[PDB]
Amino acid sequence: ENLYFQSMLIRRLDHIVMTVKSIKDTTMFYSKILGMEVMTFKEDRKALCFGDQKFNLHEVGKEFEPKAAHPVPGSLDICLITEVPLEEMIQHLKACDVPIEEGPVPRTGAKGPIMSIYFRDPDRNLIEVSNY
Amino acid sequence: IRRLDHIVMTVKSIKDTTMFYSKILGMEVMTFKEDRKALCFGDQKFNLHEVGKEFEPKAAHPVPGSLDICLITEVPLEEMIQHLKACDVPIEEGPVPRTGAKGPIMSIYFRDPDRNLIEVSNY
């Protein structure tokens with residue numbers, strides 16, 4: 001009954017907690033490479049904002065509770081949609097000397113087929129940047 | 001303009017994970033590329049892979065239980081709590097006031113089968 005109700009109620013990701021070796025290195029990378037906004041909250045916390053979502057950052061050895069059972073840097077494999085044409089994103093990554101691991105390639109998005117490029121962040125998380 | 005589309009979740013058992021997310025959060029179990037499985041919950045999804053089965057490109061460390069995520073629902077948190085209690089899913093924390101990307105949120109926390117931390121919230 002409640003299973004059925006939840007099946008028809010839309011849900012959305014608000015944020016994810018990313019565990020990193022260095023918050024300084026990660027904030028520098030996401031601000032320069034993807035234009036994410038570096039924000040400070042609760043006086044001692046950092047986040048990367050984009051659109052209506054964010055990444056909360058935890059630094060290895062400085063994690064806040066509660067957290068993932070296994071906070072591991074480099075365990076994330078995420079796909080970000082951008083309205084920026086993928087060709088312009090490729091030009092941007094080449095300019096910033098960020099190697100493109102794969103792409104442009106066709107992939108499956110949540111809402112249908114997407115075009116994607118892949119690259120690594122400082123912790124070797126896999127970042128997929130895509131267009132619908 | 002940038003938005004999260006999907007995340008890859010590494011799991012011990014696709015059967016256990018799909019049953020949990022379908023029952024507890026009403027996620028749709030979908031099959032794509034003949035054998036691949038995903039959990040669809042709105043405009044986003046979780047792609048699933050069993051431990052050691054995913055091919056490159058993948059995360060440097062595909063680890064079960066490494067996720068710590070927050071999902072917004074329009075379902076009142078009190079109704080969510082009653083659903084988890086009925087399904088015998090322990091609520092680790094909540095309802096508590098927390099910080100969302102767009103402002104304050106009300107949250108509950110619980111573990112999935114791989115002990116990922118799942119925060120379910122309301123704006």
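By convention in this document, chain letters (A, B, ...) are assigned in the order of the sequence lines, proteins followed by strands, and residues within each chain are numbered from 1.
Ring to ring, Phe41(B) and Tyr21(B) are not that close: their centroids are 6.0 angstrom or more apart.
In this structure, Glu50(B) does not pair ionically with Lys15(B), as no charged nitrogen and carboxylate oxygen lie closer than 4.0 Å.
To the nearest 0.5 Å, atom OG of residue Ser22(A) and atom CG of residue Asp123(A) are 8.0 Å apart. Atom CG of residue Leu39(B) and atom CZ of residue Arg11(A) lie 11.5 Å apart, to the nearest 0.5 angstrom. Distance OH/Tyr118(A) to CG/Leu93(A): 14.5 Å, rounded to 0.5 Å. How far CG of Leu126(A) is from SG of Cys79(A): 10.0 Å, rounded to the nearest 0.5 Å. Residue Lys12(B) holds its NZ atom at 9.5 Å from CG of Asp16(B), rounded to the nearest 0.5 Å. One distance of note links CZ of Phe46(B) with CG of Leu67(B); it measures 7.0 Å at 0.5 Å rounding.
Side-chain heavy atoms closer than 4.5 Å link hydrophobic residues (I, L, V, M, F, W, Y) into clusters, and following such links, possibly through other members, connects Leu13(A) to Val129(A).
Minimum interatomic distance between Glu92(B) and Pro66(A) (heavy atoms only, all atoms of both residues): OE2-CB, 3.8 Å. Between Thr99(B) and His15(A), the shortest heavy-atom distance links the atoms O-CE1, 3.6 Å. Nearest heavy atoms, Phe32(B) versus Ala38(B): CE2-CB, 3.8 Å. Nearest heavy atom pair, residue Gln6(A) against residue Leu25(B), reads NE2-CA, 3.5 Å. The heavy-atom pair separating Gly94(B) from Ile91(B) by the smallest distance is O-CG2, 4.2 Å. Between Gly42(B) and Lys111(A), the closest heavy-atom pair is O-NZ, 3.4 Å.
Using bins of under 30°, 30° to 60° and over 60° for the plane-to-plane angle, the ring pair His58(A)/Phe64(A) lands in the perpendicular bin.
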Task: Worked verdict on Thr40(A) versus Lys46(A) for side chain to side chain donor-acceptor pair (under 3.5 Å) - done: CA-CA 5 Å; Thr40(A) 304; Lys46(A) 292 277 178 68; 4.8 Å; no
